[PDB]
>>> print(open('input-v1.tsv').read())   # TSV, C-alpha atoms
chain	number	residue	atom	x	y	z
A	1	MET	CA	0.00	0.00	0.00
A	2	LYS	CA	1.51	3.32	-1.08
A	3	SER	CA	-0.43	5.94	-3.07
A	4	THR	CA	-2.57	6.31	-6.19
A	5	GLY	CA	-6.02	5.17	-5.20
A	6	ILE	CA	-5.19	4.03	-1.71
A	7	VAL	CA	-7.87	4.11	0.95
A	8	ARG	CA	-7.15	5.98	4.20
A	9	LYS	CA	-9.25	6.73	7.30
A	10	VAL	CA	-10.25	10.25	8.33
A	11	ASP	CA	-10.07	11.30	12.00
A	12	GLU	CA	-13.01	13.45	12.99
A	13	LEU	CA	-13.30	16.95	11.64
A	14	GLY	CA	-11.35	16.09	8.48
A	15	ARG	CA	-7.70	15.39	9.32
A	16	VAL	CA	-6.80	12.71	6.78
A	17	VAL	CA	-3.60	10.71	7.21
A	18	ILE	CA	-1.25	11.67	4.38
A	19	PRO	CA	1.23	8.89	3.47
A	20	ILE	CA	4.72	9.31	4.89
A	21	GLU	CA	6.00	8.99	1.31
A	22	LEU	CA	3.71	11.78	0.22
A	23	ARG	CA	4.65	14.25	2.92
A	24	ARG	CA	8.21	13.11	2.26
A	25	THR	CA	7.70	14.05	-1.38
A	26	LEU	CA	6.58	17.52	-0.33
A	27	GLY	CA	9.28	17.73	2.30
A	28	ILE	CA	6.56	18.68	4.76
A	29	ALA	CA	5.60	17.56	8.25
A	30	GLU	CA	3.65	18.63	11.33
A	31	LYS	CA	4.20	22.39	11.51
A	32	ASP	CA	4.32	22.77	7.72
A	33	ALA	CA	1.50	23.93	5.52
A	34	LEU	CA	-0.39	22.59	2.53
A	35	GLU	CA	-2.25	24.45	-0.17
A	36	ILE	CA	-5.71	22.85	-0.30
A	37	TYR	CA	-7.81	23.29	-3.41
A	38	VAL	CA	-11.02	21.54	-4.46
A	39	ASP	CA	-11.79	19.67	-7.66
A	40	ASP	CA	-15.54	19.07	-7.93
A	41	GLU	CA	-15.78	15.66	-6.26
A	42	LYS	CA	-12.29	15.44	-4.77
A	43	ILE	CA	-9.69	17.33	-2.79
A	44	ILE	CA	-6.42	18.64	-4.22
A	45	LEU	CA	-3.71	19.43	-1.70
A	46	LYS	CA	-0.24	20.55	-2.63
A	47	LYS	CA	2.49	21.65	-0.27
A	48	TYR	CA	2.25	25.35	0.50
A	49	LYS	CA	4.43	27.38	-1.84
A	50	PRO	CA	7.42	28.38	0.31
A	51	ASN	CA	8.32	32.05	0.00
A	52	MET	CA	12.02	31.57	0.63
A	53	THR	CA	14.59	33.92	-0.82
B	1	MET	CA	-10.96	31.21	3.94
B	2	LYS	CA	-12.65	28.35	2.10
B	3	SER	CA	-11.15	25.78	-0.25
B	4	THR	CA	-9.33	26.38	-3.50
B	5	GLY	CA	-5.76	27.32	-2.75
B	6	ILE	CA	-6.10	27.67	0.99
B	7	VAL	CA	-3.22	26.99	3.32
B	8	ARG	CA	-3.63	24.48	6.18
B	9	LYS	CA	-1.28	23.09	8.83
B	10	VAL	CA	-0.32	19.42	8.95
B	11	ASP	CA	-0.12	17.60	12.29
B	12	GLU	CA	2.95	15.40	12.39
B	13	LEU	CA	2.82	12.17	10.50
B	14	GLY	CA	0.73	13.69	7.71
B	15	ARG	CA	-2.82	14.09	8.99
B	16	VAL	CA	-3.86	17.27	7.17
B	17	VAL	CA	-6.99	19.09	8.32
B	18	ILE	CA	-9.61	18.80	5.57
B	19	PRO	CA	-12.14	21.69	5.48
B	20	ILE	CA	-15.50	20.93	7.07
B	21	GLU	CA	-17.10	22.03	3.77
B	22	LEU	CA	-14.95	19.51	1.93
B	23	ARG	CA	-15.65	16.53	4.16
B	24	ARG	CA	-19.25	17.73	3.95
B	25	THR	CA	-19.05	17.66	0.14
B	26	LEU	CA	-17.85	14.07	0.32
B	27	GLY	CA	-20.33	13.26	3.06
B	28	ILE	CA	-17.47	11.75	5.03
B	29	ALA	CA	-16.17	12.08	8.57
B	30	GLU	CA	-13.90	10.47	11.15
B	31	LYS	CA	-14.59	6.75	10.65
B	32	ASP	CA	-14.94	7.15	6.88
B	33	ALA	CA	-12.34	6.63	4.20
B	34	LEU	CA	-10.77	8.57	1.36
B	35	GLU	CA	-9.06	7.32	-1.77
B	36	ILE	CA	-5.64	8.98	-1.84
B	37	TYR	CA	-3.88	9.32	-5.18
B	38	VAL	CA	-0.66	11.16	-6.04
B	39	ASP	CA	-0.23	13.77	-8.76
B	40	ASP	CA	3.43	14.59	-9.43
B	41	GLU	CA	4.03	17.32	-6.87
B	42	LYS	CA	0.61	17.25	-5.24
B	43	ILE	CA	-1.80	14.92	-3.48
B	44	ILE	CA	-5.31	14.03	-4.67
B	45	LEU	CA	-7.81	12.79	-2.09
B	46	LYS	CA	-11.15	11.55	-3.30
B	47	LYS	CA	-13.80	10.09	-1.06
B	48	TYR	CA	-13.69	6.31	-0.85
B	49	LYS	CA	-16.21	5.06	-3.38
B	50	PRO	CA	-18.85	3.36	-1.21
B	51	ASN	CA	-19.82	-0.14	-2.28
B	52	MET	CA	-23.42	0.03	-1.11
B	53	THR	CA	-26.15	-1.76	-3.03
>>> encode(input="input-v1.tsv", output="structure tokens")
Amino acid sequence: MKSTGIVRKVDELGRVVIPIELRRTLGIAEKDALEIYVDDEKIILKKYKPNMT
Amino acid sequence: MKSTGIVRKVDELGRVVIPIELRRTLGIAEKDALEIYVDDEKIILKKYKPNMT
């Protein structure tokens, strides 16, 4: 079980468990942020665009 | 402060806080499941397609 059509549980309010490999891909964790967008019948969440100069 | 390019915090291990309006769109919550797919540099979470007939 990795990604691409893999079933995960929610939590309560909405906190869905993102795969370690996925957050690893984004280089994010805990205190980091994601950019959540919506696509009709599904959710689209990218890592937040880091404003680092 | 709704969906569509909105920034959210993670948690630790990856549990990202899905908008109440989003989980509401999917009619999911807590005990429910999502189908997580990966899109290059982003994550795609659909609701788990319910096998109810």
>>> residues_near_point(input="input-v1.tsv", point="(-5.7, 30.0, 4.1)", cutoff="10 Å", atoms="all atoms listed in the file", output="ChimeraX atom specification")
/A:33-36,48 /B:1-9
>>> atom_distance(input="input-v1.tsv", atom1="CA of residue 51 (chain A)", atom2="CA of residue 32 (chain A)")
12.7 Å
>>> closest_residue(input="input-v1.tsv", among="A:52, A:22, A:39, A:17", to="chain B", atoms="all atoms listed in the file")
A:17
>>> atom_distance(input="input-v1.tsv", atom1="CA of residue 16 (chain A)", atom2="CA of residue 49 (chain B)")
15.8 Å
>>> residues_around(input="input-v1.tsv", residues="residue 40 (chain A)", least_positions_apart="2", cutoff="12 Å", atoms="all atoms listed in the file", output="short mmCIF file (atom, residue, chain, number, x, y, z; two decimals) with C-alpha atoms, in the coordinates of the input")
data_model
loop_
_atom_site.label_atom_id
_atom_site.label_comp_id
_atom_site.auth_asym_id
_atom_site.auth_seq_id
_atom_site.Cartn_x
_atom_site.Cartn_y
_atom_site.Cartn_z
CA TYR A 37 -7.81 23.29 -3.41
CA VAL A 38 -11.02 21.54 -4.46
CA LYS A 42 -12.29 15.44 -4.77
CA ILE A 43 -9.69 17.33 -2.79
CA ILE A 44 -6.42 18.64 -4.22
CA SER B 3 -11.15 25.78 -0.25
CA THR B 4 -9.33 26.38 -3.50
CA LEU B 22 -14.95 19.51 1.93
CA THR B 25 -19.05 17.66 0.14
CA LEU B 26 -17.85 14.07 0.32
CA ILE B 44 -5.31 14.03 -4.67
CA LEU B 45 -7.81 12.79 -2.09
CA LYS B 46 -11.15 11.55 -3.30
CA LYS B 47 -13.80 10.09 -1.06
#
>>> atom_distance(input="input-v1.tsv", atom1="CA of residue 28 (chain B)", atom2="CA of residue 53 (chain B)")
18.0 Å
>>> residues_around(input="input-v1.tsv", residues="residue 14 (chain A)", least_positions_apart="3", cutoff="7 Å", atoms="all atoms listed in the file", output="list in words")
residues 10 and 11 of chain A; 17, 18, 19, 20, 23, 29 and 30 of chain B
